[PDB]
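Encoded as structure tokens, the following chain is the form deposited in one PDB entry, with no partner shown.
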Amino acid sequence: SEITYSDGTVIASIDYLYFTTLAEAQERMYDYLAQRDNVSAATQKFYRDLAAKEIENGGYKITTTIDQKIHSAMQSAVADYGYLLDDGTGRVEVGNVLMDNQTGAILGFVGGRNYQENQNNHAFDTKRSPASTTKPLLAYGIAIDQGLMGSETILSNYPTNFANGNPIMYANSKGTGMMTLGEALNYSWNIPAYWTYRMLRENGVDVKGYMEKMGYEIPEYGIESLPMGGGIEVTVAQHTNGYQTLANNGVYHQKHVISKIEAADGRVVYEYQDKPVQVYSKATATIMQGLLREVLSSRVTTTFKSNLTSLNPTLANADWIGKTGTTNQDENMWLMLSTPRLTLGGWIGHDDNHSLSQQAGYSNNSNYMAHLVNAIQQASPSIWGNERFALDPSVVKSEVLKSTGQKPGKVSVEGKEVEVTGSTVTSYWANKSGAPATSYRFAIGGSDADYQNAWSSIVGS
């Protein structure tokens, strides 16, 4: 029995690479064994063991998805550049996963700083809160998909409180005012994501149907801070797969590190079976792509594009989209990146869950990732692609007011039917009729005080 890289080259017979591959193969077998000895449905355990025997003893050739030149380049990038991560807080660990957007196949990964010194696989084993990288999946993507907001929809960021009366905070700030979806995402403000998930619940939206299609296990959906990543912990590999679904215009493919297991007699025993699912519509996923493009361009929450410009100005011109997250004590940082072909997930942190430095996600993980991305391209010059993410033909563009995010028109501004007028903007929608006409409660969220204040500077013009 052996494991090969995608090209057929021998990995080994029966060091993260070996362990991660054998584990998956054994899981393959086990699922099957629950029907070879005919068989059916805490033992278990017998079958887990049975599987590891049947694998080590058989004369099986297991073919991985692992691209060999890419995977070793990624090993060399972490050896060469992991020191970029160090910030005077102890050993900063790292996990990464590179995934094919069309297939769900994993091409390479970083399991940690150095397997010799520390064996924890940070790509496939360790689970951490995804923090604000939860928002495009769980809040905004689904609200767009249910036809409840469009690209230029306005949301509340005015101060507001949880049900216990504690304030919703963003670092030391308590909120500001009305803002577009662009601005909410670029800065990653929390209160507008609070109100979006809260509106999804008021409408009875099946949020869990969406998350379980991308393979997400969340034990409790009834949690106010859920869209900021509370009550959620994920592996890097499972997280890259929610970003694969958005990059790939809304169609999930399941991650996998094995395509083919073959007998000693060359018969095809096991084959990866593709089960594509349209999680979000095409309108939705292509709208969210255009938003996440701006997250990386505006450079508010990450320096990644500047880093990549200076290392490889030609790769910096590829069509990068992405999103960041910080857990609320600086303990874990995330940076998720896609071109149309690939998606690289990244996590940093400490095994013992304690703070990182203040600019560890902003600057440190961003600069490391940008060295990682360039290393990947140096070893496979056309893998990232030159393609562009592009709005779907089904997208509905509406012409809306900047100030409201809805169509211009008449509104009763505290009784006194006003004529609402001013500069307009195109707004992309994933429904049938686009954006409504302006009503008085024009944002997602807000208290009457907020709208008194809102409306009386809109009126003032």
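Each form is matched to the other, and the largest set of C-alpha atoms that superpose within 1.5 Å is called the rigid core. All residue numbers are counted from 1 along the displayed sequence.
Although not depicted, the form deposited in another entry is the subject of the following passage.
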Among 425, 413, 33, 396, whose C-alpha is off by 2 Å or more between the shown form and the other one on a rigid-core fit? 33
Residue 435: CA shift of at least 2 Å between the shown form and the other one after core fit? no
With both forms fit on the core, has residue 69 moved 2 Å or more by CA between the shown form and the other one? no
